[PDB]
Amino acid sequence: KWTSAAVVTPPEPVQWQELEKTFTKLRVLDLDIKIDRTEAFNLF
Amino acid sequence: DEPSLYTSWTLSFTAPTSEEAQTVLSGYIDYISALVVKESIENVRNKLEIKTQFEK
Amino acid sequence: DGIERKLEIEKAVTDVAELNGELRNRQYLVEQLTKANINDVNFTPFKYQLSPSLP
Amino acid sequence: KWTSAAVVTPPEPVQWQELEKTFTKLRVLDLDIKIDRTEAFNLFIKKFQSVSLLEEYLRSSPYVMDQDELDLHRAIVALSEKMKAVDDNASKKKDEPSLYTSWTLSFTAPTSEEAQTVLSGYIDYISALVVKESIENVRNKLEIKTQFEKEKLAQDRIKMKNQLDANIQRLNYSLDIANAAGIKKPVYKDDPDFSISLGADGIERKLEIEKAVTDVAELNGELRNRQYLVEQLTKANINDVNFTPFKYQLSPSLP
Amino acid sequence: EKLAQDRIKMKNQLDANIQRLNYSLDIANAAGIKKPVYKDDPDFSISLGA
């Protein structure tokens, strides 16, 4: 009878900043690691 | 023929009330996000565990 | 005369790290790796063009 | 009844000059970043097509709110169905390239005035969103650059205190060996593990010196200069710079 | 801007070299090298003499 709808898009860089701070501490500890924005969408 | 400028998906839920439809769809998305967040931070921790195990 | 003393010294080395920078630094890196933890960072794995609508 | 129209293309180099100045400050500090002119255009288009952003613009617009309960929502949904964006090169497809990109933005209204005030308003609204987020990204990149360098320096200092401490031990041993071998004055070759050609007198003094070293940057200019870099990154900031993320070919018409 | 930066980076080097050279002096004196030695330490060159 009634349909609710959303339209979702892969996330944008501004939403990743907290995540990026983490990857930066680890980079210094010689551990190169990331979460691809599009992969996180696809997993969603 | 014309690939769109950005990926996008339409998610939808259908119910007897309009408000019920909105509430279930919104809550399911939230729930799914929590799973993506959780398992993602756990990948990162896992990689740190392996880096540490190795180096040590 | 010199070799005699160098030998005495080499036989008394207890920690190989004492004379080796790289090995001190690796011990550092490991301490730092063990110290580090990952916060519960919240993020959203998408961006709404349209958030769930009230039909 | 009255459709107002606008035609937009990616922005041009002349519109990007304040931006370019800012990127130049950062380039000096070893940070190489731009806002791509086409990416800012695409972001404007994406944003423009966001129905949630459009509803928010409408609700927040005093002009719109003049034109009464929970039909409010319905009127909004209905109004929001009259913003359209079309790529001018979708219709008439491939094989005939596009010299320039270009989109048609439009709003249809009861009156001529209404359609033009609402297309402009909405455009300027979305445009501000692109500007705000684009500066945000730039600021974020600066934040990360700074975090990284600051952290790497801390690490490099500890790595060198370590290397220096290992050297002090070696030097202690060089001293014993030189003494045993009777080299007091410099030799007039060397052992590869414990250098002694300097002689015990010279080594003693070299040894007090290395032991009295506190800040490893004292004798290392690359560290002084990394310290300097981090001071500069920390002091640098990105000003609220204003730009438009498109060039009008047709600015919103009066039908 | 790069030039103003480069001058500062360079003054920083000079300052580091002045400290190094100070230590060269002290080590040359301890070793009894007053006149140039008409081998050399890789950290504090002393061959020019005190």
# chains A, B, ... in the order shown; residues from 1 in each chain; ligands from 1
call {"tool": "interface_residues", "arguments": {"of": "chain D", "to": "chain B", "cutoff": "10 Å", "atoms": "only C-alpha atoms", "output": "JSON, numbers by chain"}}
result
{"D": [42, 43, 45, 46, 89, 90, 91, 93, 94]}
call {"tool": "write_last_selection", "arguments": {"atoms": "N, CA, C and O atoms", "output": "compact mmCIF listing (two decimals), in the first residue's frame"}}
result
# COMPACT_ATOMS: atom_id res chain seq x y z
N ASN D 42 31.00 18.18 -11.38
CA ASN D 42 30.21 16.98 -11.18
C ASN D 42 29.56 16.93 -9.80
O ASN D 42 28.48 16.38 -9.64
N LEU D 43 30.25 17.49 -8.80
CA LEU D 43 29.77 17.44 -7.42
C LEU D 43 28.57 18.35 -7.27
O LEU D 43 27.65 18.04 -6.50
N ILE D 45 26.52 18.97 -9.78
CA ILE D 45 25.43 18.30 -10.43
C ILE D 45 24.86 17.25 -9.48
O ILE D 45 23.66 17.20 -9.26
N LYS D 46 25.71 16.40 -8.92
CA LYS D 46 25.23 15.36 -8.02
C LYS D 46 24.39 15.98 -6.92
O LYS D 46 23.29 15.54 -6.64
N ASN D 89 24.10 16.24 -23.56
CA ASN D 89 24.71 15.32 -24.52
C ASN D 89 24.32 13.88 -24.32
O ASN D 89 24.91 12.98 -24.91
N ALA D 90 23.33 13.65 -23.46
CA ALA D 90 22.73 12.33 -23.35
C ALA D 90 21.84 12.15 -24.58
O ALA D 90 22.01 11.17 -25.32
N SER D 91 20.92 13.09 -24.79
CA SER D 91 20.06 13.14 -25.99
C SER D 91 20.91 13.52 -27.20
O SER D 91 21.60 14.55 -27.18
N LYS D 93 23.30 10.79 -28.81
CA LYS D 93 24.21 10.04 -27.94
C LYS D 93 25.70 10.12 -28.31
O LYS D 93 26.21 11.20 -28.62
N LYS D 94 26.39 8.98 -28.25
CA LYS D 94 27.83 8.91 -28.57
C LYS D 94 28.13 9.09 -30.08
O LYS D 94 27.22 9.38 -30.88
call {"tool": "select_by_dssp", "arguments": {"residues": "chain C", "states": "strand (DSSP E)", "output": "PyMOL selection string"}}
result
chain C and resi 47-50
call {"tool": "atom_distance", "arguments": {"atom1": "CA of residue 213 in chain D", "atom2": "CA of residue 167 in chain D"}}
result
12.1 Å
call {"tool": "residues_around", "arguments": {"residues": "residue 23 in chain C", "least_positions_apart": "5", "cutoff": "10 Å", "atoms": "only C-alpha atoms", "output": "VMD selection string"}}
result
(chain C and resid 16 to 18 28 to 29) or (chain D and resid 162 to 163 166)
call {"tool": "atom_distance", "arguments": {"atom1": "CA of residue 30 in chain E", "atom2": "CA of residue 48 in chain E"}}
result
14.1 Å
call {"tool": "closest_atom_pairs", "arguments": {"of": "chain A", "to": "chain C", "cutoff": "8 Å", "atoms": "only C-alpha atoms", "output": "tab-separated table"}}
result
residue	atom	partner	partner_atom	distance
A:2	CA	C:55	CA	6.5
A:3	CA	C:55	CA	6.1
A:4	CA	C:53	CA	5.3
A:5	CA	C:52	CA	5.1
A:6	CA	C:52	CA	4.4
A:7	CA	C:50	CA	4.7
A:8	CA	C:48	CA	4.6
A:9	CA	C:47	CA	5.1
A:10	CA	C:46	CA	4.7
A:11	CA	C:46	CA	4.3
A:12	CA	C:47	CA	7.1
A:15	CA	C:43	CA	6.6
A:16	CA	C:43	CA	6.9
A:18	CA	C:41	CA	6.5
A:19	CA	C:41	CA	6.7
A:22	CA	C:38	CA	7.2
A:29	CA	C:29	CA	6.8
A:37	CA	C:45	CA	7.2
A:40	CA	C:45	CA	5.5
A:41	CA	C:45	CA	5.3
A:44	CA	C:45	CA	6.6
call {"tool": "closest_residue", "arguments": {"among": "D:49, D:137, D:195, D:80", "to": "chain C", "atoms": "only C-alpha atoms"}}
result
D:49
call {"tool": "residues_around", "arguments": {"residues": "residue 5 in chain E", "least_positions_apart": "6", "cutoff": "12 Å", "atoms": "only C-alpha atoms", "output": "PDB file with N, CA and C atoms, in the first residue's frame"}}
result
ATOM      1  N   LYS D  25      50.633  28.029  -1.507  1.00  0.00           N
ATOM      2  CA  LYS D  25      51.198  28.066  -0.167  1.00  0.00           C
ATOM      3  C   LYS D  25      51.487  26.642   0.265  1.00  0.00           C
ATOM      4  N   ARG D  27      51.853  23.996  -1.636  1.00  0.00           N
ATOM      5  CA  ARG D  27      52.840  23.347  -2.469  1.00  0.00           C
ATOM      6  C   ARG D  27      54.264  23.613  -1.930  1.00  0.00           C
ATOM      7  N   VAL D  28      54.491  24.819  -1.429  1.00  0.00           N
ATOM      8  CA  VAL D  28      55.754  25.135  -0.811  1.00  0.00           C
ATOM      9  C   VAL D  28      55.991  24.234   0.402  1.00  0.00           C
ATOM     10  N   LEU D  29      54.942  23.927   1.154  1.00  0.00           N
ATOM     11  CA  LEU D  29      55.095  23.076   2.322  1.00  0.00           C
ATOM     12  C   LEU D  29      55.012  21.590   1.992  1.00  0.00           C
ATOM     13  N   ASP D  30      55.302  21.219   0.746  1.00  0.00           N
ATOM     14  CA  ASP D  30      55.385  19.803   0.382  1.00  0.00           C
ATOM     15  C   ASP D  30      54.015  19.103   0.328  1.00  0.00           C
ATOM     16  N   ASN D 225      65.237  20.919   9.906  1.00  0.00           N
ATOM     17  CA  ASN D 225      64.402  21.336   8.806  1.00  0.00           C
ATOM     18  C   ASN D 225      63.073  20.616   8.741  1.00  0.00           C
ATOM     19  N   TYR D 228      61.155  22.512  11.403  1.00  0.00           N
ATOM     20  CA  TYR D 228      60.676  23.712  10.744  1.00  0.00           C
ATOM     21  C   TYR D 228      59.422  23.449   9.907  1.00  0.00           C
ATOM     22  N   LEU D 229      59.444  22.356   9.146  1.00  0.00           N
ATOM     23  CA  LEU D 229      58.346  22.041   8.266  1.00  0.00           C
ATOM     24  C   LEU D 229      57.055  21.875   9.053  1.00  0.00           C
ATOM     25  N   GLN D 232      55.674  25.076  10.268  1.00  0.00           N
ATOM     26  CA  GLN D 232      54.960  25.735   9.174  1.00  0.00           C
ATOM     27  C   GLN D 232      53.610  25.112   8.807  1.00  0.00           C
TER      28      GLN D 232
ATOM     29  N   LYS E  11      70.027  28.228   6.844  1.00  0.00           N
ATOM     30  CA  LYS E  11      70.563  28.768   8.095  1.00  0.00           C
ATOM     31  C   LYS E  11      70.548  27.663   9.141  1.00  0.00           C
ATOM     32  N   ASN E  12      69.507  26.844   9.114  1.00  0.00           N
ATOM     33  CA  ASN E  12      69.471  25.664   9.934  1.00  0.00           C
ATOM     34  C   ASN E  12      70.650  24.728   9.690  1.00  0.00           C
TER      35      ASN E  12
END
call {"tool": "select_by_dssp", "arguments": {"residues": "chain C", "states": "alpha helix (DSSP H)", "output": "VMD selection string"}}
result
chain C and resid 2 to 12 21 to 35
call {"tool": "write_last_selection", "arguments": {"atoms": "C-alpha atoms", "output": "PDB file, in the first residue's frame"}}
result
ATOM      1  CA  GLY C   2      94.267  -4.999  19.859  1.00  0.00           C
ATOM      2  CA  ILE C   3      92.679  -8.240  18.740  1.00  0.00           C
ATOM      3  CA  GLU C   4      93.026  -9.625  22.251  1.00  0.00           C
ATOM      4  CA  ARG C   5      90.891  -6.825  23.636  1.00  0.00           C
ATOM      5  CA  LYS C   6      88.404  -6.830  20.745  1.00  0.00           C
ATOM      6  CA  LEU C   7      87.960 -10.577  21.328  1.00  0.00           C
ATOM      7  CA  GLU C   8      87.409 -10.093  25.097  1.00  0.00           C
ATOM      8  CA  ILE C   9      84.746  -7.542  24.206  1.00  0.00           C
ATOM      9  CA  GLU C  10      83.038  -9.618  21.605  1.00  0.00           C
ATOM     10  CA  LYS C  11      82.853 -12.590  24.033  1.00  0.00           C
ATOM     11  CA  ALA C  12      81.239 -10.436  26.696  1.00  0.00           C
ATOM     12  CA  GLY C  21      70.778   0.506  15.968  1.00  0.00           C
ATOM     13  CA  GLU C  22      68.388  -1.359  13.631  1.00  0.00           C
ATOM     14  CA  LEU C  23      67.656  -3.903  16.354  1.00  0.00           C
ATOM     15  CA  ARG C  24      66.955  -1.217  18.933  1.00  0.00           C
ATOM     16  CA  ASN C  25      64.584   0.450  16.464  1.00  0.00           C
ATOM     17  CA  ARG C  26      62.764  -2.739  15.621  1.00  0.00           C
ATOM     18  CA  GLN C  27      62.195  -3.234  19.358  1.00  0.00           C
ATOM     19  CA  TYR C  28      60.824   0.273  19.405  1.00  0.00           C
ATOM     20  CA  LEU C  29      58.477  -0.376  16.460  1.00  0.00           C
ATOM     21  CA  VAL C  30      57.154  -3.500  18.148  1.00  0.00           C
ATOM     22  CA  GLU C  31      56.531  -1.643  21.452  1.00  0.00           C
ATOM     23  CA  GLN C  32      54.701   1.025  19.479  1.00  0.00           C
ATOM     24  CA  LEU C  33      52.643  -1.553  17.613  1.00  0.00           C
ATOM     25  CA  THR C  34      51.663  -3.313  20.804  1.00  0.00           C
ATOM     26  CA  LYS C  35      50.751   0.070  22.355  1.00  0.00           C
TER      27      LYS C  35
END
call {"tool": "interface_residues", "arguments": {"of": "chain D", "to": "chain C", "cutoff": "6 Å", "atoms": "only C-alpha atoms", "output": "list in words"}}
result
residues 50, 51, 52, 159, 162, 163, 166, 177, 180 and 181 of chain D
call {"tool": "closest_residue", "arguments": {"among": "E:36, E:50, E:13, E:3", "to": "chain D", "atoms": "only C-alpha atoms"}}
result
E:13
call {"tool": "interface_residues", "arguments": {"of": "chain D", "to": "chain E", "cutoff": "10 Å", "atoms": "only C-alpha atoms", "output": "PyMOL selection string"}}
result
chain D and resi 24-25+27-29+184-190+195-207+209-210+217-226+228-229+232
call {"tool": "write_last_selection", "arguments": {"atoms": "N, CA, C and O atoms", "output": "compact mmCIF listing (two decimals), in the first residue's frame"}}
result
# COMPACT_ATOMS: atom_id res chain seq x y z
N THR D 24 49.15 27.11 -3.69
CA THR D 24 50.55 27.43 -3.87
C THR D 24 51.30 27.49 -2.53
O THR D 24 52.44 27.03 -2.43
N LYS D 25 50.63 28.03 -1.51
CA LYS D 25 51.20 28.07 -0.17
C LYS D 25 51.49 26.64 0.27
O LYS D 25 52.56 26.34 0.79
N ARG D 27 51.85 24.00 -1.64
CA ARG D 27 52.84 23.35 -2.47
C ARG D 27 54.26 23.61 -1.93
O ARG D 27 55.13 22.73 -1.94
N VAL D 28 54.49 24.82 -1.43
CA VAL D 28 55.75 25.14 -0.81
C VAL D 28 55.99 24.23 0.40
O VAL D 28 57.11 23.82 0.67
N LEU D 29 54.94 23.93 1.15
CA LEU D 29 55.10 23.08 2.32
C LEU D 29 55.01 21.59 1.99
O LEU D 29 54.67 20.78 2.87
N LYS D 184 97.45 6.30 21.00
CA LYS D 184 97.02 7.43 21.81
C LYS D 184 96.75 8.67 20.98
O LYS D 184 95.73 9.34 21.13
N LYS D 185 97.70 8.99 20.11
CA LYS D 185 97.55 10.05 19.16
C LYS D 185 96.95 9.42 17.91
O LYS D 185 96.98 8.21 17.77
N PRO D 186 96.37 10.24 17.02
CA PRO D 186 95.81 9.66 15.80
C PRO D 186 96.86 8.90 15.04
O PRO D 186 98.04 9.20 15.15
N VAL D 187 96.44 7.89 14.29
CA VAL D 187 97.34 7.12 13.44
C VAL D 187 97.81 7.94 12.24
O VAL D 187 97.00 8.65 11.62
N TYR D 188 99.10 7.85 11.92
CA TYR D 188 99.72 8.62 10.80
C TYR D 188 100.32 7.81 9.62
O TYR D 188 101.28 7.06 9.78
N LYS D 189 93.48 -0.02 6.44
CA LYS D 189 93.65 0.84 7.61
C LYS D 189 92.78 0.37 8.77
O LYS D 189 93.04 -0.68 9.38
N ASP D 190 91.75 1.15 9.04
CA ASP D 190 90.95 1.00 10.24
C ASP D 190 90.24 -0.33 10.40
O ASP D 190 89.98 -1.04 9.44
N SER D 195 86.29 1.56 15.08
CA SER D 195 87.30 2.43 14.53
C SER D 195 88.23 2.99 15.63
O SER D 195 87.78 3.35 16.71
N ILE D 196 89.54 3.05 15.35
CA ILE D 196 90.53 3.52 16.34
C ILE D 196 91.60 4.43 15.76
O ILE D 196 92.54 4.84 16.45
N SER D 197 91.46 4.78 14.49
CA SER D 197 92.50 5.58 13.88
C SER D 197 92.59 6.97 14.52
O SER D 197 93.64 7.60 14.48
N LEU D 198 91.50 7.43 15.11
CA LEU D 198 91.50 8.70 15.83
C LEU D 198 92.46 8.72 17.03
O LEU D 198 92.96 9.78 17.38
N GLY D 199 92.71 7.56 17.64
CA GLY D 199 93.54 7.47 18.85
C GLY D 199 92.73 7.64 20.12
O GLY D 199 91.68 8.27 20.11
N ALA D 200 93.21 7.09 21.22
CA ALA D 200 92.48 7.18 22.50
C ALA D 200 92.22 8.62 22.97
O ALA D 200 91.12 8.93 23.42
N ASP D 201 93.20 9.51 22.88
CA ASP D 201 92.97 10.88 23.31
C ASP D 201 91.79 11.49 22.56
O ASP D 201 90.95 12.17 23.15
N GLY D 202 91.72 11.23 21.27
CA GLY D 202 90.71 11.86 20.46
C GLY D 202 89.39 11.20 20.70
O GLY D 202 88.36 11.85 20.77
N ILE D 203 89.42 9.89 20.85
CA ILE D 203 88.22 9.13 21.14
C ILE D 203 87.60 9.54 22.48
O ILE D 203 86.40 9.79 22.54
N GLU D 204 88.39 9.66 23.53
CA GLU D 204 87.86 10.10 24.81
C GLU D 204 87.01 11.32 24.66
O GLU D 204 85.86 11.34 25.12
N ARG D 205 87.57 12.34 24.01
CA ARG D 205 86.85 13.58 23.79
C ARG D 205 85.62 13.39 22.91
O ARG D 205 84.55 13.93 23.21
N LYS D 206 85.75 12.61 21.84
CA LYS D 206 84.59 12.30 20.99
C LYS D 206 83.51 11.61 21.82
O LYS D 206 82.31 11.82 21.61
N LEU D 207 83.94 10.80 22.77
CA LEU D 207 83.01 10.08 23.60
C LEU D 207 82.26 11.00 24.57
O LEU D 207 81.05 10.87 24.67
N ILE D 209 81.66 14.08 24.09
CA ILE D 209 80.77 14.83 23.22
C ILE D 209 79.51 14.07 22.87
O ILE D 209 78.42 14.60 22.98
N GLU D 210 79.63 12.82 22.47
CA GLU D 210 78.44 12.11 22.02
C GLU D 210 77.54 11.83 23.18
O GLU D 210 76.32 11.83 23.02
N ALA D 217 68.74 16.81 17.03
CA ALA D 217 68.71 17.80 15.95
C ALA D 217 69.88 18.77 16.00
O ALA D 217 70.14 19.46 15.02
N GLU D 218 70.57 18.86 17.13
CA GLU D 218 71.72 19.76 17.29
C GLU D 218 72.75 19.58 16.17
O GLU D 218 73.24 20.56 15.62
N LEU D 219 73.09 18.34 15.85
CA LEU D 219 74.03 18.06 14.78
C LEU D 219 73.36 17.57 13.48
O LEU D 219 74.04 17.21 12.51
N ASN D 220 72.03 17.57 13.44
CA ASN D 220 71.37 17.08 12.24
C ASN D 220 70.43 18.10 11.59
O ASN D 220 69.30 18.30 12.05
N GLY D 221 70.90 18.71 10.49
CA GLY D 221 70.15 19.75 9.83
C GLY D 221 68.86 19.29 9.19
O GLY D 221 67.92 20.08 9.06
N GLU D 222 68.81 18.03 8.77
CA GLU D 222 67.60 17.46 8.19
C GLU D 222 66.53 17.41 9.28
O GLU D 222 65.35 17.52 8.99
N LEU D 223 66.92 17.24 10.54
CA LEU D 223 65.92 17.26 11.59
C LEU D 223 65.48 18.67 11.90
O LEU D 223 64.29 18.93 12.12
N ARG D 224 66.40 19.60 11.92
CA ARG D 224 66.01 20.97 12.17
C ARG D 224 65.00 21.35 11.14
O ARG D 224 64.00 21.96 11.45
N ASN D 225 65.24 20.92 9.91
CA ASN D 225 64.40 21.34 8.81
C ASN D 225 63.07 20.62 8.74
O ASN D 225 62.11 21.13 8.19
N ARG D 226 63.01 19.44 9.35
CA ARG D 226 61.75 18.77 9.50
C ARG D 226 60.96 19.38 10.62
O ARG D 226 59.74 19.35 10.59
N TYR D 228 61.16 22.51 11.40
CA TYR D 228 60.68 23.71 10.74
C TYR D 228 59.42 23.45 9.91
O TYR D 228 58.45 24.22 9.97
N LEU D 229 59.44 22.36 9.15
CA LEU D 229 58.35 22.04 8.27
C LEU D 229 57.06 21.87 9.05
O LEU D 229 56.02 22.45 8.71
N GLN D 232 55.67 25.08 10.27
CA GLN D 232 54.96 25.73 9.17
C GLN D 232 53.61 25.11 8.81
O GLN D 232 52.66 25.83 8.53
call {"tool": "interface_residues", "arguments": {"of": "chain A", "to": "chain D", "cutoff": "8 Å", "atoms": "only C-alpha atoms", "output": "list in words"}}
result
residues 13, 14, 17, 20, 21, 24, 25 and 28 of chain A
call {"tool": "write_last_selection", "arguments": {"atoms": "N, CA, C and O atoms", "output": "PDB file, in the first residue's frame"}}
result
ATOM      1  N   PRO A  13      34.690  11.752   0.601  1.00  0.00           N
ATOM      2  CA  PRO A  13      35.883  11.964   1.412  1.00  0.00           C
ATOM      3  C   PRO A  13      35.595  12.612   2.752  1.00  0.00           C
ATOM      4  O   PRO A  13      36.055  12.081   3.763  1.00  0.00           O
ATOM      5  N   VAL A  14      34.840  13.718   2.789  1.00  0.00           N
ATOM      6  CA  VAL A  14      34.532  14.344   4.090  1.00  0.00           C
ATOM      7  C   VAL A  14      34.012  13.378   5.140  1.00  0.00           C
ATOM      8  O   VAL A  14      34.274  13.564   6.314  1.00  0.00           O
ATOM      9  N   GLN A  17      37.073  11.290   7.233  1.00  0.00           N
ATOM     10  CA  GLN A  17      38.179  11.935   7.921  1.00  0.00           C
ATOM     11  C   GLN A  17      38.615  11.214   9.193  1.00  0.00           C
ATOM     12  O   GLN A  17      39.803  10.995   9.400  1.00  0.00           O
ATOM     13  N   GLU A  20      40.469   8.342   8.262  1.00  0.00           N
ATOM     14  CA  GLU A  20      41.737   8.653   7.687  1.00  0.00           C
ATOM     15  C   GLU A  20      42.761   8.995   8.783  1.00  0.00           C
ATOM     16  O   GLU A  20      43.955   8.712   8.638  1.00  0.00           O
ATOM     17  N   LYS A  21      42.302   9.565   9.895  1.00  0.00           N
ATOM     18  CA  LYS A  21      43.217   9.832  10.983  1.00  0.00           C
ATOM     19  C   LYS A  21      43.821   8.532  11.517  1.00  0.00           C
ATOM     20  O   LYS A  21      44.999   8.467  11.848  1.00  0.00           O
ATOM     21  N   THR A  24      46.436   6.993   9.278  1.00  0.00           N
ATOM     22  CA  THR A  24      47.641   7.799   9.311  1.00  0.00           C
ATOM     23  C   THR A  24      48.589   7.408  10.456  1.00  0.00           C
ATOM     24  O   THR A  24      49.806   7.338  10.254  1.00  0.00           O
ATOM     25  N   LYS A  25      48.040   7.128  11.641  1.00  0.00           N
ATOM     26  CA  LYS A  25      48.871   6.642  12.750  1.00  0.00           C
ATOM     27  C   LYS A  25      49.513   5.317  12.368  1.00  0.00           C
ATOM     28  O   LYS A  25      50.671   5.073  12.677  1.00  0.00           O
ATOM     29  N   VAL A  28      52.502   5.446   9.847  1.00  0.00           N
ATOM     30  CA  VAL A  28      53.743   5.788  10.520  1.00  0.00           C
ATOM     31  C   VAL A  28      54.346   4.532  11.161  1.00  0.00           C
ATOM     32  O   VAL A  28      55.561   4.361  11.227  1.00  0.00           O
TER      33      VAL A  28
END
call {"tool": "atom_distance", "arguments": {"atom1": "CA of residue 56 in chain D", "atom2": "CA of residue 128 in chain D"}}
result
13.8 Å
call {"tool": "closest_residue", "arguments": {"among": "D:105, D:5, D:40, D:142", "to": "residue 230 in chain D", "atoms": "only C-alpha atoms"}}
result
D:142
call {"tool": "residues_around", "arguments": {"residues": "residue 83 in chain D", "least_positions_apart": "6", "cutoff": "12 Å", "atoms": "only C-alpha atoms", "output": "VMD selection string"}}
result
chain D and resid 3 to 6 48 to 51 53 to 55 57 to 58 76 to 77 104 to 109 115 to 116 118 to 120 122 to 123
call {"tool": "write_last_selection", "arguments": {"atoms": "C-alpha atoms", "output": "compact mmCIF listing (two decimals), in the first residue's frame"}}
result
# COMPACT_ATOMS: atom_id res chain seq x y z
CA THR D 3 9.68 26.91 -16.87
CA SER D 4 12.84 28.84 -15.95
CA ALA D 5 16.07 27.50 -17.41
CA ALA D 6 19.81 27.58 -16.88
CA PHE D 48 21.69 19.48 -7.33
CA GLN D 49 19.99 16.18 -8.10
CA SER D 50 19.71 15.23 -4.41
CA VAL D 51 16.04 15.27 -3.56
CA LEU D 53 18.90 18.62 -0.41
CA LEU D 54 16.17 20.12 -2.56
CA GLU D 55 13.45 19.63 0.09
CA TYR D 57 16.30 24.17 0.44
CA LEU D 58 12.56 24.61 -0.07
CA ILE D 76 7.07 20.20 -0.95
CA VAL D 77 7.14 16.77 -2.56
CA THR D 104 20.35 22.15 -18.44
CA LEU D 105 18.88 22.97 -15.06
CA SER D 106 15.26 23.98 -14.86
CA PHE D 107 12.29 24.79 -12.65
CA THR D 108 8.61 25.01 -13.69
CA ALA D 109 6.18 27.24 -11.74
CA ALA D 115 10.36 29.87 -11.40
CA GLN D 116 13.31 32.22 -11.72
CA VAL D 118 13.55 29.43 -7.11
CA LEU D 119 16.04 28.19 -9.67
CA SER D 120 18.55 30.89 -8.68
CA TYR D 122 18.40 26.62 -5.26
CA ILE D 123 21.46 26.93 -7.47
call {"tool": "interface_residues", "arguments": {"of": "chain B", "to": "chain A", "cutoff": "6 Å", "atoms": "only C-alpha atoms", "output": "list in words"}}
result
residues 7, 8, 9, 10, 11, 12, 13, 14, 15, 16, 18, 21 and 22 of chain B
call {"tool": "write_last_selection", "arguments": {"atoms": "N, CA, C and O atoms", "output": "PDB file, in the first residue's frame"}}
result
ATOM      1  N   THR B   7      27.630   6.138  -9.033  1.00  0.00           N
ATOM      2  CA  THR B   7      26.820   5.005  -8.654  1.00  0.00           C
ATOM      3  C   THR B   7      25.690   5.471  -7.735  1.00  0.00           C
ATOM      4  O   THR B   7      25.883   6.378  -6.901  1.00  0.00           O
ATOM      5  N   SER B   8      24.516   4.852  -7.870  1.00  0.00           N
ATOM      6  CA  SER B   8      23.451   5.056  -6.897  1.00  0.00           C
ATOM      7  C   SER B   8      22.485   3.886  -6.881  1.00  0.00           C
ATOM      8  O   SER B   8      22.196   3.312  -7.918  1.00  0.00           O
ATOM      9  N   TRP B   9      22.005   3.528  -5.700  1.00  0.00           N
ATOM     10  CA  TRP B   9      20.982   2.496  -5.573  1.00  0.00           C
ATOM     11  C   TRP B   9      19.722   3.048  -4.911  1.00  0.00           C
ATOM     12  O   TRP B   9      19.783   3.907  -4.006  1.00  0.00           O
ATOM     13  N   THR B  10      18.575   2.548  -5.348  1.00  0.00           N
ATOM     14  CA  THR B  10      17.328   2.919  -4.716  1.00  0.00           C
ATOM     15  C   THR B  10      16.958   1.777  -3.822  1.00  0.00           C
ATOM     16  O   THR B  10      16.904   0.635  -4.273  1.00  0.00           O
ATOM     17  N   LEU B  11      16.763   2.088  -2.547  1.00  0.00           N
ATOM     18  CA  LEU B  11      16.328   1.123  -1.554  1.00  0.00           C
ATOM     19  C   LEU B  11      14.909   1.506  -1.177  1.00  0.00           C
ATOM     20  O   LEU B  11      14.591   2.704  -1.071  1.00  0.00           O
ATOM     21  N   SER B  12      14.059   0.499  -0.971  1.00  0.00           N
ATOM     22  CA  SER B  12      12.649   0.750  -0.727  1.00  0.00           C
ATOM     23  C   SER B  12      12.018  -0.328   0.145  1.00  0.00           C
ATOM     24  O   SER B  12      12.388  -1.510   0.062  1.00  0.00           O
ATOM     25  N   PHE B  13      11.075   0.089   0.990  1.00  0.00           N
ATOM     26  CA  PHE B  13      10.267  -0.851   1.765  1.00  0.00           C
ATOM     27  C   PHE B  13       8.771  -0.542   1.686  1.00  0.00           C
ATOM     28  O   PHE B  13       8.360   0.603   1.819  1.00  0.00           O
ATOM     29  N   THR B  14       7.958  -1.571   1.498  1.00  0.00           N
ATOM     30  CA  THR B  14       6.512  -1.377   1.356  1.00  0.00           C
ATOM     31  C   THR B  14       5.675  -1.914   2.536  1.00  0.00           C
ATOM     32  O   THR B  14       5.875  -3.029   2.986  1.00  0.00           O
ATOM     33  N   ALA B  15       4.755  -1.096   3.043  1.00  0.00           N
ATOM     34  CA  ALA B  15       3.969  -1.454   4.226  1.00  0.00           C
ATOM     35  C   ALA B  15       2.513  -0.928   4.179  1.00  0.00           C
ATOM     36  O   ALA B  15       2.188  -0.049   3.371  1.00  0.00           O
ATOM     37  N   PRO B  16       1.624  -1.486   5.028  1.00  0.00           N
ATOM     38  CA  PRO B  16       0.260  -0.960   5.243  1.00  0.00           C
ATOM     39  C   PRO B  16       0.120   0.517   5.645  1.00  0.00           C
ATOM     40  O   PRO B  16      -0.846   1.145   5.238  1.00  0.00           O
ATOM     41  N   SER B  18       2.046   4.461   5.777  1.00  0.00           N
ATOM     42  CA  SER B  18       3.149   5.219   5.220  1.00  0.00           C
ATOM     43  C   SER B  18       4.260   5.382   6.259  1.00  0.00           C
ATOM     44  O   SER B  18       5.437   5.222   5.952  1.00  0.00           O
ATOM     45  N   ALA B  21       6.262   2.108   6.906  1.00  0.00           N
ATOM     46  CA  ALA B  21       7.212   1.861   5.821  1.00  0.00           C
ATOM     47  C   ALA B  21       8.514   2.633   6.018  1.00  0.00           C
ATOM     48  O   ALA B  21       9.607   2.070   5.921  1.00  0.00           O
ATOM     49  N   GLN B  22       8.388   3.924   6.298  1.00  0.00           N
ATOM     50  CA  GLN B  22       9.538   4.775   6.539  1.00  0.00           C
ATOM     51  C   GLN B  22      10.392   4.281   7.700  1.00  0.00           C
ATOM     52  O   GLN B  22      11.601   4.211   7.589  1.00  0.00           O
TER      53      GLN B  22
END
